[PDB]
């Protein structure tokens, strides 16, 4: 009754062009079984949304990667937020919510915007740049480590650590094995920066540690919560901004609309998140037998959610394969949905908005002018290199 498919959603061929296989996954049925990894899969919007919004049945504390923490040791101590269920999830989540709050955004917005404008001005002096290394990576590197309160030395470990975290949600394929083999120096740096004396006053890290006296978290929970921001807070935005620039480079008509109304910047970024879905997948584990989309799934089963596929499901979206900066994007699952929905989404949206605003005001054209190279990761979708020529307005 449940169709069995041999598609490997973690293979390099799939990463290179996931869209045909994602349609096959959606059209085979609401629930599929992936024989390659012995997991259930849901690729339509309806079932992805339903799974995300039932955390009791589809839990996170047994891991949101392939590995079931009831069967295997986690590769690092579990995240106190991503890999926790309510009620243990609730108070750490509230702390991160307040650390990454509107008031925090108000304190950092002017500096984030100035850094975005400065980066675009700098890139316009060069003309021909790599929109990944020189923009999607360089801009978040110029604002987020400082906003965390990190020292200068050792920041080169941040992107390798995040690549490792996101590869480690995947199955035990070569991408995951190689990441773990190389992990020790990045893990050592990241864990050390999580300690209170190593986080500069006023930054996100110090603010987490300051919350350790309200009864929401204890001092021994603060380092792992800093670790969450150092895991998820940089490489996601690199791939979100890279997605937006890649969309604007491919769809010049949308760049022209954005130039004509720079207040569309925030929605242009949100649409890029839906369109590319830089965070492609997460798993849940069933805590009981459950009926989902007419199919019966037993207890203790891994369920793979295709967030990118849900964001392109024609059952939910009109013209899902078109990039449309005025689309009503509310309800997309690129940041998740429900109790675990991205706690950092205000930081991500701030960065994406101010960068797209800078481009909207300063750049007349974005033309791909070199070979495009894709980056392969078990969870992240994005480019390694995006050579573009920027023409000034």
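Numbering follows the first chain given and starts at 1. Superpose the two forms; the largest set of C-alphas matching within 1.5 Å is the rigid core.
Put simply, when the other structures in 6 other deposited structures of this protein are lined up on the rigid core, the C-alpha atoms of 209-217 lie farther off than those of the other stretch, from 209-217 and 290-298. According to the PDB record, 321-329 carries the higher mean C-alpha B-factor of the two stretches 350-358 and 321-329. Stretches compared: 221-229, 104-112. Higher mean C-alpha B-factor in the entry: 104-112. Residues shown: 263, 193, 280, 239. Highest C-alpha temperature factor in the entry: 263. When the C-alpha B-factors of 162, 307, 179, 268 are ranked from the entry, the top spot goes to 179.
Split the chain's modelled residues into thirds by C-alpha temperature factor. Residue 375 is in the highest one. The deposited CA B-factor of residue 135 belongs to the lowest third of values across its chain.
Among the modelled residues of its chain, residue 284 has a C-alpha B-factor that falls in the lowest third, as given in the PDB entry. Among the modelled residues of the chain, residue 155 sits in the middle third by CA temperature factor in this PDB entry. Sort the chain's modelled residues by C-alpha temperature factor and residue 336 lands in the lowest third, per the entry.
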